[PDB]
2 protein chains.
Amino acid sequence: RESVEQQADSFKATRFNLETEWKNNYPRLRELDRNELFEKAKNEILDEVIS
Amino acid sequence: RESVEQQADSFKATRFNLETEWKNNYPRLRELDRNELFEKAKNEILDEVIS
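Residues numbered from 1 in each chain as written, not as in the entry; some residues may be left out. Chains lettered and ligands numbered in written order. Part of a larger assembly, values for the part shown. Heavy atoms only, no water. Residues with missing side-chain atoms left out of burial classes, pairs and counts.

Structure determination for this entry, per the PDB record, employed cryo-EM and reached 6.4 Å resolution.

In the nomenclature of the PDB entry, chain A is known as Dynamin-like 120 kDa protein, mitochondrial of Homo sapiens.

1. A word on the overall build of chain A
Secondary structure assignment for chain A yields 2 helices and 0 strands. Its C-alpha atoms give chain A a radius of gyration of 18 Å, clearly above 10 Å, the size a compact globule of 51 residues would have. With the C-alpha coordinates aligned to their principal axes, the bounding extent of chain A is approximately 60 × 25 × 10 Å. (Helix = DSSP H or I, 4+ residues; strand = E, 2+ residues; numbered from the N terminus. Rg over C-alpha atoms; globule rule 2.2 N^0.38 Å.)

2. Brief notes about the pattern of salt bridges
When the charged atoms of two side chains with opposite charge come close together, those side chains can pair. Residues and elements named next belong to chain A. Within the structure shown, the criterion is met by 6 salt bridges over all chains. In this structure, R15 engages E19 in a salt bridge whose closest nitrogen and oxygen atoms are separated by 3.7 Å. Within this pair, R15 and its partner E19 are both found in helix α1 (residues 2-25), separated by 4 residues, close to a single helical turn. A network of salt bridges, in which partner residues are shared, links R15, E19 and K23. (Salt bridge = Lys/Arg side-chain N within 4 Å of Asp/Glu carboxyl O.)

3. What to know about the relation of the copies chain B and chain A
Superposing chain B onto chain A requires a rotation of 179° together with a translation of 0.4 Å along the rotation axis, leaving an RMSD of 0.0 Å. Here the two chains are linked by the operation of a two-fold rotation axis. The overlap is high: 75% of the interface residues of chain B also sit at the interface in chain A, so the same surface is used on both sides. (Least-squares fit on C-alpha atoms. Contact = heavy atoms within 4.5 Å.)

4. Looking at the interface of chain B and chain A
Many analyses report the size of an interface as the accessible area lost when the parts associate. With 4 residues of chain B at the contact, the number on the chain A side is 5 residues. Of the residues in the side of chain B that touches chain A, the class split is 2 nonpolar, 1 polar and 1 charged. (Nonpolar A, V, L, I, M, F, W, Y, C, P; charged D, E, K, R; others polar.)

5. Brief notes about the environment of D9(B)
Note on placement: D9(B) falls in helix α1 (residues 2-25). Each C-alpha atom of the pair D9(B) and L32(B) lies 25 Å from the other, and the pair is 23 residues apart in sequence.

6. What to know about the packing of aromatic side chains
Residues and elements named next belong to chain A. Under the criterion given, the structure shown has 2 aromatic pairs over all chains. Summarising the aromatic geometry, the rings of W22 and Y26 are spaced 5.2 Å apart at their centres and angled 55° between planes, so their arrangement reads as tilted. According to the relative accessible area criterion, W22 is partly exposed, its value standing at 22%. (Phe/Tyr/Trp six-rings, centres within 6.5 Å; stacked < 30°, edge-to-face > 60°. Buried < 20%, exposed > 50% of the residue type's maximum accessible area, 1.4 Å probe, protein only.)

As structure tokens, this is what we get:
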């Protein structure tokens, strides 16, 4: 119980730092996982094929 | 055997007419099914959220 409280606060702070870095570097972008990036990449490829 | 040959030619001609209509109406667009349109629509929504 004592350990998990400390870990939860540390994890929340760590996640906040990661989010702050994302905003500072990529404020106008959206975070996507590996699968979603693959879907976005293929759609762009199809657009270039049409263009 | 005789019937399927006639049907295959008719289906090919029918598909050609549908493709010709697509080019005449939407030459610069890509045909997508119901699922793919849903994926495209949600991505546009996320873009508007960021904008």
